[PDB]
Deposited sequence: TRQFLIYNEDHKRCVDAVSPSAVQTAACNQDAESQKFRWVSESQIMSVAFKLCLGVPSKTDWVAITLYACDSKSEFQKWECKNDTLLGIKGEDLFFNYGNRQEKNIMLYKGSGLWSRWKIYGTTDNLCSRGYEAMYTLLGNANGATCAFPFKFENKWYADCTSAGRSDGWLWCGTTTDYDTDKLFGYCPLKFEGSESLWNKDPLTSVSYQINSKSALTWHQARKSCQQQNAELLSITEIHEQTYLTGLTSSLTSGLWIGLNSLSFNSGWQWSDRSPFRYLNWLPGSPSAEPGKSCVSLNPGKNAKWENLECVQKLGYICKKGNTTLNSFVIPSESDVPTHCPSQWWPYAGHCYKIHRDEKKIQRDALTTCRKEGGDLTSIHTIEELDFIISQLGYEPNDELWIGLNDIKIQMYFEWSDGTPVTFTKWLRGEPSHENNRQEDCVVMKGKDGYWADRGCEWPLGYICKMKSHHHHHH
């Protein structure tokens, strides 16, 4: 809910807008539209009944707070929460005050008459707060809703079904002039028809090809829909997404990025990066685009490019020299360096396997308790021997966690099979060819 009632505990009364020149108080009534308010920017509180913003004529003491036409550049319409429930103008020690019983006033006192809460709760007004709502479909290419907006010479404060029940908004204040609109990312009858569902996995995908947002704007649009940018974690998922996007050509943002400075490629939804499908030549630009014109393969671009995007909604005894953690025994070998398959065999001769890693806590145990050194480079069990570009663990356990080094995974089109190693001060992983003599990390039950 975006609409709240401004409440003062001490008087047990609520702000009520009577006219554009009168903002009084009255007995609280949630069924009275004149008492409902809403944020429309980082700093502006707007009346729902009148579609006018609360403001002041000057930043001076004891002036009347009345309703002004909303202006995102007006210093006199910007409100911020101070201390806790203190509400005051931006940049001054002047406060939203209950006023003399003989209209709401801007006053210098910070007493109980200047502390306001959202009716029905115990949180300040800034708790609801304004979040930009990126639009879906429409002609505005995913631009943000503009509140308030004018449609057929009426003012609208929230998303409307005015003019099937689909909720929409104008992305500029005068929709009657600019004719720019989009649909709101809210639940309504028919909202789920914006999502395409994979019958097999029950995961829903939303393809927003008409839009043109930056990578970060795209990430916000999915997250405000209780989703996240597309992560492609398995061969079936890529196959389905190739089918959905066969009839498209323009690039679409997906969640694969390398924006974290100490680590490499990762999905924004923290899914494991175990399936690769780069376009020939990539990765040569820290954000990844899916190119539906080239069979839905991936290429990395500058994160400020304006593209479409895809959202995704859904999901106690150890031998000698072996050390325990979480019901398993681990050991690092450095004596005789072996290639990956010879190391795989030696772990199995010893009763275990090349190590799998499923949680970050398990990764931390290896780099700090097993004698691991920062200059090391050790085999682990992740590999794509069977299917190129699809990493699996040699012990058959699921890949639920990946921590790639900066600049990793590297060059997969330079070789025919990829084994991965553990190297660096953080124990992050890097893939490489398998015919290299190296140390290795074994793990057993």
message = If a residue lacks a C-alpha atom here, it counts as unmodelled; so which stretches of the deposited sequence fall into that category?
response = 103-104, 166-167, 289-292, 324-338, 469-475
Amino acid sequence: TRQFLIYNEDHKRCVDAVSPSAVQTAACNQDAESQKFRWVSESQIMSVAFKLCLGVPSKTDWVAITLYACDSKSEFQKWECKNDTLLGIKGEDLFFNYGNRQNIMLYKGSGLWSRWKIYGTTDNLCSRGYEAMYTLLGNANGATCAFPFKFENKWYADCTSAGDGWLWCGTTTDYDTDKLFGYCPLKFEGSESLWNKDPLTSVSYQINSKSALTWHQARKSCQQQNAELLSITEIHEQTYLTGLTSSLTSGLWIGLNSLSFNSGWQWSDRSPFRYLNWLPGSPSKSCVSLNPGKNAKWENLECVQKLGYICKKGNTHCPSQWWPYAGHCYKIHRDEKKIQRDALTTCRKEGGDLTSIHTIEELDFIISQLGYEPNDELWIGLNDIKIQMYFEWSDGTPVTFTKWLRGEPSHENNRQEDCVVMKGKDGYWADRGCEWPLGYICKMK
From here on, numbers count along this sequence of modelled residues.
query = If you average the Cα B factors in the entry, which is higher, 304-312 or 115-123?
reply = 115-123
task = Pick between 124-132 and 268-276: the one whose mean CA B-factor in the entry is higher.
result = 124-132
ask   = Per the coordinate record, which of the options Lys150, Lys297, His216, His317 holds the highest CA temperature factor?
value = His317
request  = Could you tell me which one of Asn208, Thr160, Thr345, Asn139 shows the highest CA temperature factor in the PDB record?
outcome  = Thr160
Third of chain Cα B-factors occupied by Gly407 = highest
key: Cα B factor band for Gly170 (lowest, middle or highest third within the chain)   = lowest
note = Split the chain's modelled residues into thirds by Cα B-factor; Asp418 lands in the lowest
remark   = Binned into thirds over the chain's modelled residues, the C-alpha B-factor of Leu378 lands in the middle
inquiry  = Please place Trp195 in the lowest, middle or highest third of its chain according to the CA B-factor in the PDB entry.
reply    = middle
